[PDB]
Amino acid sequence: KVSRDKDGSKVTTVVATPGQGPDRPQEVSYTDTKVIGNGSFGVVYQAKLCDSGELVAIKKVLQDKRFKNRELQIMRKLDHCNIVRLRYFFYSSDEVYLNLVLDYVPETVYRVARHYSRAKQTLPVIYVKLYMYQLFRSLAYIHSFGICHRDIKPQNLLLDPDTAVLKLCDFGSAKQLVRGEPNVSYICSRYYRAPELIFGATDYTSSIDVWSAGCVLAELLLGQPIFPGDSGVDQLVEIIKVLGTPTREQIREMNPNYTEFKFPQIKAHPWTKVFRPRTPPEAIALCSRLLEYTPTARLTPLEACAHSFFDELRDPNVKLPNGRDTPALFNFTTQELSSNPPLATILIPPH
């Protein structure tokens, strides 16, 4: 159903299932359609809902009729203030496309960082704390369902510049990780790719996401990627140039069925001397606890939220630089705290 309204604007009307809530298809109309993204899957559009005037992002992906879509399945489960909301899904055009209608968010962490980096400046630490904290919250939430994003990178961190609200997006790499069931090794954007994946692990856990979050924190502190690999395995060289050569124990912790990379012995660089001189030590300390070789040695998302780097966010007096209140930071559900309930005492300040 494509029509023209009062003036002469192109209105598209589709039958779409609500993203969350009852499985009751309804007519949804939108206009002002334009391409804002693309990839192996297909295209991302900006559009405006006719009823409410609200901007949405529509991800359009080729669908194997017989094959069930993993991304749709995951997006239908999720309901969290730091994950972009699936509003609706619908099918369109001898092949069929799934269309995911999402809340539109006008910026990304990547673009905000590039603005600073292109001017050889760094993001003020308060922005770093707000973004990194909300990402760790989204990760606690999805990891509590056994769901691993597997593509944490600055481009998939949407933000409202005015409220400083962050939304995790692009669940196209996401998977429910099940003990015993192998996972693909070539996964995640290279710079953010956990060392176990480079060692070809198929038995990895949700902790590959914490490594990625570590790479994002480090990038925001440095003003450039901490591990800029030219390839999958040169990525490992770059990591070793900072963390040093991993021990046989660490390598076994990463992939117990690995083959020979036979790279030379390099000593670790001191963490503090990786970052610029005035970098806050609590920031550097959090980085060291995220970017551990041994996956089980990495802080959990909930633990990362409790780190002293975020202490400033739990100040009753804290405000955004633009003067407005901080967004919702402390309204933790049961599900969010499920990994370690007692952490609440730290994660929820007195008043």
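So that the term is clear: the rigid core is the largest set of C-alpha atoms that superpose within 1.5 Å between two forms. So that there is no doubt, residue numbering starts at 1 and follows the sequence shown.
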Stretch with larger C-alpha RMS deviation in 9 other deposited structures of this protein, core superposed, 79 to 87 versus 224 to 232:
224 to 232
In terms of RMS C-alpha distance in 9 other deposited structures of this protein following rigid core superposition, 38 to 46 and 303 to 311 differ, and the farther one is 38 to 46
Between 251 to 259 and 134 to 142, the record assigns the higher mean Cα B factor to 251 to 259
If you average the Cα B factors in the entry, which is higher, 312 to 320 or 52 to 60?
312 to 320
Comparing C-alpha B-factors across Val101, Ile266, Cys148, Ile83 in this entry, the winner is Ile266
Highest recorded Cα temperature factor - choice among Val128, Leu72, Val178, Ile226
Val178
Where does the C-alpha B-factor of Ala119 rank in its chain, lowest, middle or highest third?
highest
Looking at the C-alpha B-factor of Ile240, is it in the lowest, middle or highest third of its chain?
middle
Rank-wise, by C-alpha B-factor, drop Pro182 into the lowest, middle or highest third of its chain.
highest
Quick check for you: using the entry's CA B-factors within this chain, is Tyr30 in the lowest, middle or highest third?
middle
Ranking the modelled residues of this chain by C-alpha B-factor as given in the entry, is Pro281 in the lowest, middle or highest third?
middle
